[PDB]
Amino acid sequence: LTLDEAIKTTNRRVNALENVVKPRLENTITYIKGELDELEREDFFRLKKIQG
Amino acid sequence: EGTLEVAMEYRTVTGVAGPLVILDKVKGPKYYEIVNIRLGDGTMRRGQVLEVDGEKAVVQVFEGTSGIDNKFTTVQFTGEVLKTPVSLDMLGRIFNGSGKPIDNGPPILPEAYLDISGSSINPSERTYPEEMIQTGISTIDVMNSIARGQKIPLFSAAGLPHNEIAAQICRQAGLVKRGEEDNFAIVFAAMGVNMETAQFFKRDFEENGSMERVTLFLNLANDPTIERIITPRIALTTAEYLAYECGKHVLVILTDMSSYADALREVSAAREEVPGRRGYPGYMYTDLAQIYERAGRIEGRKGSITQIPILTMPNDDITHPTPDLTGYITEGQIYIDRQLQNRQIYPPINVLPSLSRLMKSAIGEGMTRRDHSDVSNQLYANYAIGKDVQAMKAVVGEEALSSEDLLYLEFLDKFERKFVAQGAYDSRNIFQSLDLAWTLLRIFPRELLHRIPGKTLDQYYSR
Amino acid sequence: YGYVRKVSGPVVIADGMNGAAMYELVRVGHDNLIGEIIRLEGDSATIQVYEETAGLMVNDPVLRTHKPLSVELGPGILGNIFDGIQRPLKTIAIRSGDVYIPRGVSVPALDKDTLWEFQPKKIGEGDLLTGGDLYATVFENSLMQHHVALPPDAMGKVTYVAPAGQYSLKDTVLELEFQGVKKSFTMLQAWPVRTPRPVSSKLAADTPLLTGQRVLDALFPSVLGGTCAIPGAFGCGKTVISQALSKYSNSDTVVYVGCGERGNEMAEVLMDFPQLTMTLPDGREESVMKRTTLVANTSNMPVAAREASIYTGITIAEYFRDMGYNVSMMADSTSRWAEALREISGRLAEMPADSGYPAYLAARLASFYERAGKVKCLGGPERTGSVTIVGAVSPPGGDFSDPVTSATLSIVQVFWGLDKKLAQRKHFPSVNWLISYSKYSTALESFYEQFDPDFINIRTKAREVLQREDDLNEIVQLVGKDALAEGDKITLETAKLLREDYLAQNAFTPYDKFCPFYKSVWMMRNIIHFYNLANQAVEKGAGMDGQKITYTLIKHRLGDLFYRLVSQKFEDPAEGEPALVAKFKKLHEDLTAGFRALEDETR
């Protein structure tokens, strides 16, 4: 009984916890970079063009 | 006729920066006027004017701005938009990205010049598609079918045999025939391909004997990046001329739709424009629309254009901007699975996302069977349930698959084994394949089937 | 008059435009392309040339029309496909056989030569008419019953009324005189498209929009004149839902507009609507094509015209609203409109507030959605029309955090959440219950009570069952199929039945094409009543075994009745209301009797 419970917990972790958290980290990185950095750089460039 | 004017020649280039060449003191410019720049060394290259302001004109050359001097280069204003000399003789030849002949033949004698990026079809005049296509592959015609006028791409990441699949489709393409002069005249655009792949395409098309009816538009990666965007344009212009104003049906093939996207991103970044997702230009939806939204059946004419592009998920992610926009516009998709390729399946089509939005009209009484829709729905729905059963078995164990789950897993296994697989040149006809499709559907109980009514399949008879 | 100075894609710059005012229609170049002032600076000004700008030249003539964006909203627009600039597609194709859309054509919005049977109203000579008063009516065709109304901001005494008969649109009909001067009124009326047509008052709407789809009709209903949003990420094909609503809604008129919509879809619409018939109380065959107008311009059409398209669509909807009819408009892919705003604003170097979308995005989208509603019309008689807006916000990448989706969800009342999960599973409606929500539930309480008091309780119970099903699915995935409570088993059961039968419609089969409200209520009542009977059995079953543990045995012995429950959706509505209601009564009573007897057995 104990080995079945432990194996179920480990398999559930490997199949769900990491497999969901890693996409969460990837989506967070993608959103953070491709939105914040891109738009901040674009705003700075537009301001530079305005001054120019 | 109004008296003609020889094109003006300028030398007032007053600044060069990036891929853009600035001019001044221009007398009567024209927007998107094609210019053919001649350098001091005597070599020539083309380009387009991107903005017209006052007497200033901002031009983006094609071959690149290297080797241009502010006081020796000469710019000539042709005073017209870009035009491709479309003609019927263009069949059975090859062309560079810009359309220059590369088949060791004479330049095309045009029947009539047609400005590329031609006007749209009056939607009152556009008509729906109603004719299936015998591409030469089983799984496409059996499920997620194609209609003569329907656009649908092939989704396939890097390293997959999608190029070989496209070559097979092009060589095995043909009408259902359920004639030859009006038969499929295939146009094969090649946006940004490797030299080895280009040689493969040339050899496969020349040997297959399809050179009697096939035009290639090859554009290698070594070519200027801008020359890449105009390619899948020129190709569609020639397709429009051949189908609508010449009659014969066309099955346009575009390879590396992603390379076109990259070409756009690079050009947009050069132009310093507003970026959409992942740094791609914000108007790419428009500029894909202008490429995809041409295939169809204009009513007044018996021609038909059918579009089968090939994409490439960059990070093997369908959520990338290019596949996202495509799936928005392109009216369905055919999906290729990397895992199935790992399982050593030559046509690694994953049917779970492979859906044809216009298949409801491709099916009917003119072709296919009365149970085609129901069989397709069952083999599309039970596969997902079998995959869920496999996941549950993986997360619990072998005993988890109950008397019903085990049937779904066996259905999934036999489906991946027999139905999906096909020969490298297999013209498996629809009825013979639908027999084993119903066999797979009957692996599951003939009464547990929820969505399908038993009478629909009962119309068909085993053996 | 004026001449072009700078051209940059859709946005151009013209010099010598000193007298020009903002938002004034302007002719560009020799081809007289349409244009609307957006930014005026100095003697120069900025124009967003709706038509394609390729091939222009400096010093091309620019002619000021002195008038803002306007649509000829006279009679005859019904049943005709129009471009974003109201140009008639069919007339253009007939006049110029070239199927390709010409550039530089100036075909009028409505034909000046059509003869319409004109029916004057009870108006008399010298009567005091006011703005918005229906001085007459005209039959455009069967089931149209067009009502010619006096344009707003007009009044006077009837010095002349035209007699009944056929009339060209040039013909004057009313000759009202307010301040001595006698002005003539012709059939054609032009309204500044951007400005919202005036209403006497705005009133709360209490008439539910009957979509004919069980999930939207019951779980997330909408009121007539309400505002809705359908995300519909790539591949979901929301347009089938939109078309189903257009075919089977209770609206008096349909105004379908697609901005960025693919051309095939409009072909499909124009080819399939005329054959499809709707049954009125008279019962005669009639084509929804007469009831429907199409303002859509395809994706190949220039992007600058997206705004003009959507605003012309909504102003035509408003025009029909003032006529007393209840009209619904569907705005396919407003995300294309957002991209058009970004492209136009990008050229002007206007600062990108968020993800390239300009700052003034929420404002414009809010105005567009706010033109919807239920209003009391102006003039006499005392019409009460409405406009229903059901837009579409396609999420780039399928993330609802997108700016256009965010603003829409901020300003939308009822929201239907399309999800990729159900779409992949070929569910078909793909309307996720959790994300979708309706703010109109409180308003329609009176209608639900008068229709059926049970509806509120069964709806709440179904929502609770779905939420519990999601929670139990998560818990089981965490733990496993085993150690699953018998009560939890009964809850997951009939929730699977809900998902498989009630929440799903084929939408391409005769039975599931249109779901009448009464049969939807019957199916929901059957599901909830089976669930309640299961709860009662769990409560008392002569021991915990027979009560809940034997729920599997109950399913075995009640298999025929459960199959009847799951198959109740399969029946077609053509049987008629008495047949369906009798069958549903029989099914419910048989289920209750069998369950009670089996619960009586061994207990």
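In its metadata, the entry names cryo-EM as the structure determination method and reports 4.2 Å as the resolution.

For this entry, the PDB title field holds "Citrus V-ATPase State 1, H in contact with subunit a". Of the comments in the UniProt record for chain C, the one headed Subunit reads "V-ATPase is a heteromultimeric enzyme composed of a peripheral catalytic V1 complex (main components: subunits A, B, C, D, E, and F) attached to an integral membrane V0 proton pore complex (main component: the proteolipid protein)."

> Hey, could you run me through the overall build of chain C in this one?
Along its length, chain C carries 20 helices and 28 strands. If you line up chain C on its principal axes, its C-alpha atoms span 95 × 60 × 45 Å.

> Mind showing me how you'd approach the packing of aromatic side chains here?
Within a pair of aromatic rings, the relevant descriptors are the distance that separates the centres and the angle that separates the planes. All names here are of chain C. Taking 5.7 Å as the distance between ring centres and 55 degrees as the angle between the ring planes, the aromatic pair formed by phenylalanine 447 and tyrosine 448 counts as tilted. Against the face of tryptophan 191 rests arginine 197, its NZ or CZ located 5.6 Å from the ring centre. The ring of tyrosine 311 has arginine 371 sitting right over it, with the charged end atom 5.1 Å from the ring centre.

> Explain the interface of chain C and chain A here, please?
Where the parts come together, the accessible area they lose is often given as the size of the interface. Taken together, the contacts link 6 residues of chain C with 4 residues of chain A. The class makeup of the residues in the side of chain C that touches chain A is 3 nonpolar, 2 polar and 1 charged.

> It is not clear to me how the interface of chain C and chain B should be interpreted in this structure. Could you clarify?
With 48 residues of chain C in contact, the opposing surface of chain B contributes 48 residues. Secondary-structure elements contributing two or more residues to the side of chain C that touches chain B are β1 (2-8), α1 (89-95), α4 (263-272) and α7 (334-347) of chain C. Broken down by element, the residue count for the side of chain C that touches chain B peaks at 6 residues, all from α4 of chain C. Tallied by class, residues from the side of chain C that touches chain B come to 22 nonpolar, 18 polar and 8 charged. Pairing analysis gives 2 bridges linking strand β5 (residues 44-53) of chain B to β1 of chain C, with the strands arranged antiparallel. Looking across to β1 of chain C, one finds that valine 52 of chain B is bridged to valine 7 of chain C.

> What should I look at first to understand the pattern of salt bridges in this one?
It is possible for side chains of opposite charge to pair when their charged atoms get near one another. In this structure, the salt-bridge partner of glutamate 331 of chain B is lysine 151 of chain B, at a minimum N-O distance of 2.8 Å. For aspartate 322 of chain C, the salt bridge is made with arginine 197 of chain C, and the minimal N-O distance between the two is 3.4 Å. Here the residue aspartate 322 of chain C occupies a position in helix α6 (residues 305-322), and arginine 197 of chain C occupies one in the loop between β15 (190-192) and β16 (201-202), the gap between them amounting to 125 residues. When salt bridges with common partners are traced through the structure, they connect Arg194, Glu307 and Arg364 of chain C into a single cluster.

> What is the right way to look at the UniProt feature "binding site: ATP" in chain C in this model?
Residues and elements named next belong to chain C. Those places that UniProt annotates as "binding site: ATP" correspond, in this numbering, to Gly232, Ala233, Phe234, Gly235, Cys236, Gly237, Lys238 and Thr239. With respect to the helices and strands, the residue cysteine 236 is situated in the loop between β19 (227-230) and α3 (238-248). Residue placement: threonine 239 occurs in helix α3. Discounting chain neighbours no more than four positions away, the residues touching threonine 239 are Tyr256 and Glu265.

> What's the story with the sheet that holds strand β10 (residues 136-138) of chain C in this structure? I'm lost.
Adjacent strands of a sheet pair through backbone hydrogen bonds, lying either parallel or antiparallel. Residues and elements named next belong to chain C. Across the sheet, 3 strands lie side by side as β10-β8-β12; this open sheet has antiparallel pairing. Pairing within the sheet leaves two strands with one partner each, and these edge strands are β10 and β12 (165-167). For this sheet the average axis-to-axis angle between neighbouring strands, irrespective of direction, equals 40 degrees.

> How do you make sense of the sheet that holds strand β20 (residues 332-335) of chain B when you look at a structure like this?
One open sheet accounts for 3 strands, arranged β13-β20-β21 (chain B); its pairing is mixed. The outermost strands of the open sheet, each flanked by one partner alone, are β13 (154-155) and β21 (355-356) of chain B.

> Hey, could you run me through unusual backbone geometry in this one?
When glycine is set aside, most residues are seen to have a negative phi, and most peptide bonds are trans. Residue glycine 380 of chain C is joined to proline 381 of chain C through a cis peptide bond whose omega torsion reads 0 degrees. Tracing the sequence through the fold places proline 381 of chain C in the loop between β25 (373-376) and β26 (386-392). Positive phi values are uncommon outside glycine, yet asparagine 144 of chain B reaches one of about 55 degrees. Inspection of the secondary structure puts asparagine 144 of chain B in the loop between α1 (138-142) and β13.

> Is there a simple way to think about the packing of helix α10 (residues 372-396) of chain B against helix α12 (residues 430-443) of chain B in this case?
Any two packed helices are characterised by the angle at which their axes cross and by the distance between the axes. Residues and elements named next belong to chain B. Running from N to C, α10 and α12 point in directions that differ by 50 degrees, and their axes come no closer than 10 Å. Compared by their axis directions, α10 and α12 come out oblique. As α10 packs across α12, the resulting crossing turns out to be left-handed. Residues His372, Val375 and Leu379 of α10 lie in contact with α12, whose contacting residues are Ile430, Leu434, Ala437, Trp438 and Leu441. Counted by class, the contact of α10 with α12 contains 7 nonpolar, 1 polar and no charged residues.

About the criteria used
Residues numbered from 1 in each chain as written, not as in the entry; some residues may be left out. Chains lettered and ligands numbered in written order. Part of a larger assembly, values for the part shown. Heavy atoms only, no water. Residues with missing side-chain atoms left out of burial classes, pairs and counts. UniProt positions renumbered as here; feature names shortened; annotations may be inferred. Helix = DSSP H or I, 4+ residues; strand = E, 2+ residues; numbered from the N terminus. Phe/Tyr/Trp six-rings, centres within 6.5 Å; stacked < 30°, edge-to-face > 60°. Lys NZ or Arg CZ within 6 Å of the ring centre and 35° of its normal. Contact = heavy atoms within 4.5 Å. Nonpolar A, V, L, I, M, F, W, Y, C, P; charged D, E, K, R; others polar. Pairing = 2+ DSSP bridges. Salt bridge = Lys/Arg side-chain N within 4 Å of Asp/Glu carboxyl O. Axes fitted to C-alpha atoms, helices over the stretch in contact; angles between N-to-C directions. Parallel < 35°, antiparallel > 145°, perpendicular 65-115°, else oblique. Left-handed = near helix turned anticlockwise from the far one by under 90°.

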